[PDB]
Structures are given as C-alpha cells and as structure tokens.
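Scroll down for the structure; my scribbles are underneath it.
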Amino acid sequence: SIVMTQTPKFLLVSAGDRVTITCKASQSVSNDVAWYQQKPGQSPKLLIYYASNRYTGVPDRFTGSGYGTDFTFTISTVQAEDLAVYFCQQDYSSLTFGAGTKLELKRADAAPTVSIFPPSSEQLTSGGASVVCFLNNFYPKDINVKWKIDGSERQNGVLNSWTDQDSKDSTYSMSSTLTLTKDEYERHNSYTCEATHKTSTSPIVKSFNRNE
Amino acid sequence: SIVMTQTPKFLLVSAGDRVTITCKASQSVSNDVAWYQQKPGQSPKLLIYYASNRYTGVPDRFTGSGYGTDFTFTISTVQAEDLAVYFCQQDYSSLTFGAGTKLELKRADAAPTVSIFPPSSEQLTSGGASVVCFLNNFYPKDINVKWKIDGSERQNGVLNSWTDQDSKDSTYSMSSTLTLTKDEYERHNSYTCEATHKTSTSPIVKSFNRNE
Amino acid sequence: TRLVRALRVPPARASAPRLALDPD
Amino acid sequence: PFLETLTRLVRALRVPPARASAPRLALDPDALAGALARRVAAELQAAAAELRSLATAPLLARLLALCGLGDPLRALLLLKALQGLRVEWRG
Amino acid sequence: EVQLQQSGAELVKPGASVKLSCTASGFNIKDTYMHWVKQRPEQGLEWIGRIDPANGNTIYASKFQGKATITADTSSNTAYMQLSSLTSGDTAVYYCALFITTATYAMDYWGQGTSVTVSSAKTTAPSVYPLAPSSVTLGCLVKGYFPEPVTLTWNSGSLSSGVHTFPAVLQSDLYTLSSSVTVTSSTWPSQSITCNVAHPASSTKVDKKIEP
Amino acid sequence: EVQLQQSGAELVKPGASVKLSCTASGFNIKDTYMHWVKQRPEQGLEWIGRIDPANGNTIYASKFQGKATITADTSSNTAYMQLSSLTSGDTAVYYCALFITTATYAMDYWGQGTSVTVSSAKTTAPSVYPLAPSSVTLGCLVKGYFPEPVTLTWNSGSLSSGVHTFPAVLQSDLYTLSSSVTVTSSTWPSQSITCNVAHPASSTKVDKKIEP
Amino acid sequence: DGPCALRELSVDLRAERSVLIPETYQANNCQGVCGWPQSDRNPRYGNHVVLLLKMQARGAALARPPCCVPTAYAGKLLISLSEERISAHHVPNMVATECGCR
Amino acid sequence: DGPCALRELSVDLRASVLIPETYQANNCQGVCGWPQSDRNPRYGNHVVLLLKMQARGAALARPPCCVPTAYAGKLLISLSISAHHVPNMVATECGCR
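Protein chains in written order, with PDB author numbering: chain H, 21 to 232; chain F, 21 to 232; chain C, 295 to 318; chain A, 289 to 322, 374 to 393, 399 to 411, 417 to 440; chain G, 20 to 152, 160 to 238; chain E, 20 to 152, 160 to 238; chain B, 459 to 560; chain D, 459 to 473, 476 to 540, 544 to 560.
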C-alpha cells in the first residue's frame, strides 16, 4: 500500500509570512492528490483537488503544485482566520489521509489574570469541599500552578484543564481544582494559589482565609 | 448646477448587519454616478462606476443600483476592515462630490486605564511645569476628566486630545495636560486626576504627592 | 439485451470514476 | 499644393470639445497589421455646398479655385475620403 | 443543494453490536458511491469501506474486513453500517461521505459525525454549583456525571461575551466541567445572571442563580 | 503601472502666490486630461479645474475662476498650478487626478496630496521631554514647535506594539504632541528605550533615553 | 446589467504626422450574464452549454463556467492623409456584431 | 494547468439500455496571455486590442476568456429499437475570445 509522509509536523508564523508544506509519497501516484482543511470541532472541507485546481469559494492565497512523487502546498500571506490542521490525501489506491500538520500565530506577551473561589454552601452540606483557581488571558503557553494550605505544599487530588488558542486575540487559559473532605477542609484556615510565568520575576499569588 | 443629497449622515453597525445608503440628485442625471471610499490619512479609491459595475479587486459584498433620480449603495455583511467615509459623485456636469457618510462598529464595554506623570527635571530647570494624565483603552466614547490641586477645583490651562477608533480592537484613548509656572507648581503639594465614565458608579482617581 | 447486460460486469476500483446523468 | 490644403481644412474643422469630462481613451495606430472624372468634381462641389449650409471660408475658396494628373488611386481615394467626411462633418 | 444527516451519539457495552445510519437529502444515492470514514482523537483519519447502491457491490479495507457490514436502501435514500465485536478500541467518531475528483469538476460532501463510546460504567446525573467572589468574575461548576455530552449556557444564551468553558476531564469514571464569565462593575448585582445546564441522556434541565 | 508624484508641504505669507506641481510616471499625459481637486478638513471635496495637454484648452469651475491658472508640459510629463491672492482661507490639501468612466472600462488614479498652509507666524524648533513613573507606561512629550509636520518614533522603529500617538493641538500659535508606550514588567529597566523626534523644516533630529 | 448582450466601446486614434479617417474607432463588446432557464433575445443555446448548466445545477462545481462571448465580426477600412501621400488599408475581423455565451 | 487547451470530461448515461455508455464531451481550459505562448491559431484583432487596453492600465469589465470554437455530432442507440442523431455535442478546438 502507498504510504504518505508529511512535513513539517509543527509550524509557527507571524501573521504576515509565507508558508510551505510538503507531502511525499512512497510510490508513483501520478497526479491524484487532494489538500484539505479541518478546523476544531468541524468536519473537513476540500481546498485543492487533482494537483492544481481550486474548489469554489477558495480565495487566491492558497496554492499547490507538484507531480510524480513530490507535492507542495503554499500560502502567500497568512491571516488570523487560518488556524486549522491540514491533510494530504491520495486516491491511486485505498485512500490514505497523511498525518496532519498544525499551525500557530504570534503576538505580544501578556500577564495572567488570577481568580480564586472557595466552596459553596450546598457542596459543604453535601460532604465535600472544592476550591477553584482560574487563570485567564496569558501568553505564551507554558505556566506553573501551585497550591498551598497553611503555608505548606500539597499535590494530591489536583485537577488541571487547558483551553485552545482563541480566535479573537490568540490567548490561552487554565483552570485548577482541589478537592477535600468537609472535616479535613474545616481544620485548616488559609489557602493560596501561586502562578509562575515568563513575564514576571516573582510568582503571582492569590490567597484567601476561611475565618472571614 | 446639480446638487446631490446623501443620507443618512451617520451609521452604526454590529459587525454582522446589512447597511444601505442613498444619494438623491436634484435633476435627471441619466446613469452617471460613482461610489468611492476614503480611509483615514489616505486618498480615495474608486469602488463602483457607471451606477452598477465593479472595479478590479472589489469583493462581492459591496453592491449598488438605481437610475434616473435615485441611487443606492448596500453592503451585505459588514466586517472589521470597513471603517471609512463614503461619497457619491456625478459626472453629467461640473463634478460634485456629495457630502459624505461615516461608519462605526460595536463591542462589549470596558474600563479605562489611567496613568499620571509629573514634570521632568529638565523642564523644571527651564521654567515651566507640565503634568500629564493618560487614559487608555476605554469604551464608549464619552468621558469626563477633572484636575484637582490641594483638594480644589482647577479649570485653567488644561489641554485635551482624543484619538480615533482603533482598527485592532475598536477602543478609544485620551490625553490631558496641565501647565503651570515653576514657583506656582512648587507652592502646592498634592495633585489628582479624576475620570468619570459609564461603567462605574464612582470616579476613578489617580493622585500623586510632590514631597515624596 | 440479456447478453449485453451480462457482459457489462461492475468494476473493482476503489474510487468513483465519474458522475452519472440520465439521458433526459 | 492641393492635398496639403485639404489636410489644413480637416484639421481646422476638428474643433476641440467643451465638455468637462474625458469622453474616452486615445491609442496610437501602431498595431493591427493588415473614366468619369466628373464624379469627383461634382462630389467636391456638393460637399462644399453642404459645408456652406452650416475662418474656414478662405481655405474652401482656395480649394475650389485650385481644382495634369492621372494616377488611378488618388482620385478614388479622394472620393472615398470626401464620402467619409460627408458623414463626419454632420456631427 | 445536498445535505447529509446522521444519528446521535451512542454508548454500548463491551461485546455488543451497533447499527449506524446515514440518510441523504436533495440527492439520489444511485448516482455515485458512499464512503464511511473513521476518526480517532490523535491517530488521524482512516478509511473503512464504500458501497455502490445501484448494484450492491461493496469494498472494505484490509484491516476492517470481517467486522463491519455496509448496506444501502434506495427506497428512502439511506445507508446503514453494522459494527460488531466491539473491544473498547472503537470509541471514535464516524463520518458519511461522497467524493468525486476529475480533471474538470469535483464534488465533496461530508456528514456531521456520530460519536460511539464503549464502556461498562452506569449512567448518572450531574450536580450544578454556583461560585461567587472594576470587574467581577463568576463561575458555574458541573460535577459527577456520565457520559460526556452535556450543554452549559449563561442567561439562556443572551450573554456570549467574555465567557470561557473549559473541556471536560475524566478521573475515576466521573467527568467534570467549569465555566467562567467576566462582567463590569455596573451590571452586578444590579441584574440577574444564571447558569443553565442540560443533560440529554438523563433528560435533566437545571438553572442556578448566582447571589452574593 | 502608473504613479503620480507631487511636491512637499508649503507655508506661505497671506498675500503671496504658490506654484504646485504634479509629475506622472510610466504614462503619457497626452492620452487624457488632468484634474486638480481640493479638500478641506470638514467641508468635503471640491473641483477646481482640468487641463488637456495635447491642445492646451483648460476649464475652471464657476467659483475658482480668476484665481487659479493651470498649465502643462509634455516634454517631461508635468503639470503646474499657480494659485494667487491667498487670504488665509485656502489652507487645505490638493490632489492630482486622472478620471475615465465608460460602460465597459474605467481608469482612476490619484496623487499623494500636497498640504498648503497660510499664516504670519515664524518657524521654531521643538523641545523633547521624557516621562518616567505588572505593566509600565512611558511617555515622550514634544512641545513648542512650528509648523505642523513632525515625526516621532520609538527605538528607531523596532517597537510598534502598544504605542499610541495623539494628534497635535494648537493654542497661541504653537503646537504640542505626546506619545505613550506600555511594556511588561520584565523588559524595563533591563533594556534601553529611547524616543526619537525629527523635524524636517528646521532639520533637527533628537533622541532621548528614558531613565528611572 | 441584465443578460448577455452587446454594448458600446470606442477609442480615438491619433498620429503625430498624418491624419486618420475615421477618427473614432468603434469596437463593441459582449457583456452580461446568461442563466438557466434562458431569458434572453439571442438564438437558443447549444447542447454543450445546456449540458454544462445541468452539471452545475446537479451539485457539481466546474472549473470553467460558461462565459458570454461574441460569435461574429466585420471588417473595416482606414485612410491616412499626409503631404504628398494618401494611403488606405482594409483590415478584417474588427467589429463584433453578435453575442451568445459558450 | 498551462495555457488554453482541450481536456477530458465524460459522464455515464443510465435510464432500456443505451449504446454507447460513456458519453464524452471535452472542455476548454487554461489561460491565454500576451505575447502568445500556445499551439492554437493566432489571435484576432479584437483580442489583441483588448489585451493592449488591459496592458496600458485600463480595467475591463469582461476580460478575454478561453472557449471552444468547433463541435461535432453524435449518434445514440436505445435497446428494449431506436436511434437518434444529435449535432453539436463534442468540442474539438479551443481558442480564447
């Protein structure tokens, strides 16, 4: 069977540059190839069939070329609405759908916004206690989040969740949660949520106290 | 001479709506009319000619129609890159360029960022003292700015300057300046800059003290 | 007619070759 | 002697327009590669009378007075040019 | 026009069989073949098989042979796929497709996608909690539910600005989810904000009001 | 291609005369006429006159008759306009234009614009001052200069993110201007930031460095 | 705009030395849109065009949709005057005189 | 893609049984520029005039298009016996106008 190898596996642009991707085949595939686009949470959509033509509604920016055993796909001027994953397919035999390539943008740095929420009354009546820490609108991707209770380390029961890059301003987010039993929760007094990022020489700490 | 009347004189959209403008003539002008576009700090550029055709490079959104004594220009789906002023011109006689119509967008509200800067050392050595107050990234347009010295009103020598609507996130800005003589400046001790806006029941005040 | 129909065996390719349109 | 006067007359009759807007573009012609003598006199007299029907009068008088040569092409070409000018001048 | 409609998400025991459906609209299936495609979260796309309604001759890949049967019915323009002998490795998303590519024309239509899950857990109902603290951030927390699909909205869908909804995370056969909204200081508690949660599997609808 | 080039800004006494120029490029002016257009900040566009280089027959509007003379020269593809009897009401921006509109084709080319100002003041040099205070805002202030044109940049043009430049304001025949830049907390004073001011009329270049 | 039809397009011929007759050079052009079913005034479509239109209507997407073009031409004659020389030329296929989309 | 030329486009007819099955009707496709780099006959005067207008700086509302200029008939047979002949079906030449 024909095997298709796609490169590069990762990419990053500055919203004004040119982009090129290559998709090599393991055997003579004549000129039967297609280039697709898949945005998050949606079905694919054809962009370029055969080797040179364009589907209806495709703007002029996108283009593709190649023949025989080498095919390339190029975008001239990247914009902010071209965040997706791109596949290359062949049709000379049982269909194969490449491997997929991602894409990302750039912008100026920013600092996170930190919020902390304590357990509600209904949950306390139920039998558990959950503390929530939200970090919003930061850049770049990497962050470290730490929890402290009564000035001590704690790394059991934590849950973390990340969001995808926004399509409006290209900023990330994050949520952290800590779960405890009511009896254990009521025994301590102070809680803190610390965040370490690239845009600050000192951690950003948000703390609360149970008694008040 | 032919006189052209353009309506409406102002417009406001939500980045997803349809817009229509009309340009009536004072006498039979056959089908000789053209529609232009002028962005800030640039020369106009033709968009539509001879009532209903479309120059090279104009996308599908824009359209126009009419004949005899009534002509209309419509945009189906406004975008974020369509902030400009639109004119209607006739050619049956000495050319006339209508009156012009503006355009604006919408977004969620936001609060201003306030900064205050005191006079520099070189300016103090020169003989004057200027205090600066910057308000950045707010919405909507209207604001009130007040200056206070030693807990008293002051409304002489103030200068204010506004910026235009941004093309990246659609937010305004503003700068205020207060000028005084060196002796009079050194006679007082405390200065404050107050801003009143729609998104806060109390003013935002930023103050500084000379002694420290 | 039967012979013609029998001789027109179906293909074994894995992709559609072209569209079909009735002679209307 | 005679053709040059006709050229001067043709140039004189083509007065400039007074409209305030350009009517169309101008492009130089560089591309697009390819025994009754009484007829001509009668046609000239008819065209002169038609122009008379309505500065240029002295030139027309000189043309008429000037009114030798037997080139077949010249007479036919002049007849055709006058036939064209007949329609052209009515504008 | 042409439209492809599919069934809803399904959850099955580890050892049963499923029957997915795909019905066309505004088209006659006899014109061309119909393909069935599979997608896993991180393994990329794949190809299962195709069917020709006119004759009934079907083709399957070399890996899915013997555990996937495709059938078609032209009386109502529908196709069915039976998947048998599940082994907890088939949890995925399945697509119905029509493809044609030629040197002078092409046609590409895709479905919406059907989600198949394989597990031995038991259905359960969610629990909704509110969270309360020139800007204010509020949160709604959904805890302890199964299976994945669930819908969360703010103020019945009249507040879609500055709202983040983090993806679900699974631990100990139980999911979790959180949502956050940021609003200016002059719209709370002067107004009412409520989070609405709807779980279709158990047919539950809950609305919760945030109060100080 | 075609390009229209013009002269620079001019300042003139109240009672003298001016001679503006407009030179084509990549085109022959004999093909079609040349139009001269006027623009005032708030009164909209107007029409002054047109010239036909081939013959030399010029046309003027009914209001500008007797105070604007147009001439052309095809030896170097240039046009001149002489404006006489200034009365401090002609301060405006002038444009050179080519227009053609027809049922099947059209042409429209504009210049860059020449600014004319009329006043009895005297030229003067500017004065530049710096301003110093998880984000930090810095400012550069330009005070006491004449006439309007002046250029301000940050770091010679390597810092164009989060920078605002407010428009000039006139009081007591003297202008003013300010610029602001916001940067994160990990890039100052760890690096060097300087504001550069260039005044062409007096041929002055100044660079000032911000320090704490 | 309307459907496919004929419309005016003319230019002016100029020479630095000689004078040309006629001055205004006329060469019309075809313009408009032709759809399905036909609402025009020209002869009926061919079989190729209706086949393409049906293909477009079924759901396909062609890479070259039908275009409104002319199908006939006529010649022209020009005369040039200058001192001691008159010349004439005849050039065929200059003026379009019919339209129909293919 | 290349310049204006002829290319394949075929369909299948299905209703009786028809002969021939594969209905063949080529199509013209490509781009023609200035100066000519093709294999078809030379342009006309109208097309070169339009191209010169476009090159001078103008902007036409209908630029030249690559289209066919010849056709051939076809014959079909239907069995269940009938025959039909239809002209102007198969394109056989291309040239932009």
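The C-beta atom is built at its ideal place from N, Cα and C for all residues, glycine as well.
Measuring only the C-alpha atoms, how far is residue i from residue j?
i	j	result
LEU478 of chain B	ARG391 of chain A	24 angstroms
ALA321 of chain A	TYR114 of chain E	40 angstroms
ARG230 of chain F	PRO139 of chain F	10 angstroms
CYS221 of chain E	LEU150 of chain E	11 angstroms
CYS525 of chain B	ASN505 of chain B	15 angstroms
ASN51 of chain F	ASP459 of chain B	12 angstroms
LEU375 of chain A	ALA385 of chain A	16 angstroms
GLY85 of chain G	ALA43 of chain G	26 angstroms
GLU237 of chain G	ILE169 of chain H	27 angstroms
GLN62 of chain G	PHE117 of chain H	11 angstroms
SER146 of chain G	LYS169 of chain G	5 angstroms
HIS217 of chain F	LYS166 of chain F	12 angstroms
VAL527 of chain B	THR555 of chain B	11 angstroms
residue 159 of chain G	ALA54 of chain H	No coordinates exist for residue 159 of chain G; the numbering of chain G passes from 152 to 160 with nothing in between.
Just to confirm, are residue i and residue j a CB contact at a threshold of 8 angstroms?
i	j	result
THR92 of chain F	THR27 of chain F	no
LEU520 of chain D	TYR124 of chain E	yes
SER72 of chain F	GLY88 of chain F	no
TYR211 of chain F	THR191 of chain F	no
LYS122 of chain F	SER34 of chain F	no
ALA131 of chain F	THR219 of chain F	yes
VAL225 of chain H	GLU214 of chain H	yes
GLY517 of chain D	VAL21 of chain E	yes
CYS108 of chain F	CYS43 of chain F	yes
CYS557 of chain B	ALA463 of chain B	yes
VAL469 of chain B	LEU315 of chain A	yes
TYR171 of chain E	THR143 of chain E	yes
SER26 of chain E	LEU102 of chain E	no
Can a CB atom of chain E be found closer than 8 angstroms to the CB of residue i?
i	result
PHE93 of chain F	no
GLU142 of chain F	yes
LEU535 of chain D	no
Which term fits residue i, buried or exposed, when burial requires 16 or more other beta carbons within 10 angstroms of its beta carbon?
i	result
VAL491 of chain B	exposed
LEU32 of chain H	exposed
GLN143 of chain H	buried
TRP180 of chain E	buried
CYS559 of chain B	buried
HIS208 of chain F	exposed
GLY68 of chain E	buried
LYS57 of chain E	buried
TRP182 of chain H	exposed
Closer than 8 angstroms, CB to CB, is residue i near chain G or not?
i	result
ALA128 of chain F	yes
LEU511 of chain B	no
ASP203 of chain H	no
When you compare the CB of residue i with every CB in chain A, is at least one pair closer than 8 angstroms?
i	result
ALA515 of chain B	no
For chain H, is any of its Cβ atoms less than 8 angstroms away from the one on residue i?
i	result
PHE83 of chain G	no
Chain F beta carbons: is any one of them nearer than 8 angstroms to that of residue i?
i	result
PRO145 of chain E	no
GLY183 of chain G	no
Taking only beta-carbon positions, decide if residue i is within less than 8 angstroms of chain B.
i	result
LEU301 of chain C	no
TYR52 of chain G	no
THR133 of chain E	no
Using a Cβ cut-off of 8 angstroms (strictly closer), state whether residue i contacts chain C.
i	result
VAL469 of chain D	yes
Which residue spans inside the region 21-47 of chain F form an unbroken beta strand (DSSP E) run of at least 3?
-> The region 21-47 of chain F is shown to contain whole beta strand (DSSP E) runs of 3 or more residues at 24-27, 39-45, in chain order.
Inside the region 174-205 of chain G only - beta strand (DSSP E) runs reaching at least 3 residues | Listed in chain order, the complete beta strand (DSSP E) runs (minimum 3 residues) inside the region 174-205 of chain G are 177-180, 189-191.
Give, in chain order, every unbroken run of the beta strand (DSSP E) that is at least 3 residues long and sits entirely within the region 137-172 of chain F.
-> Whole beta strand (DSSP E) segments, 3+ residues: 148-156, 164-169.
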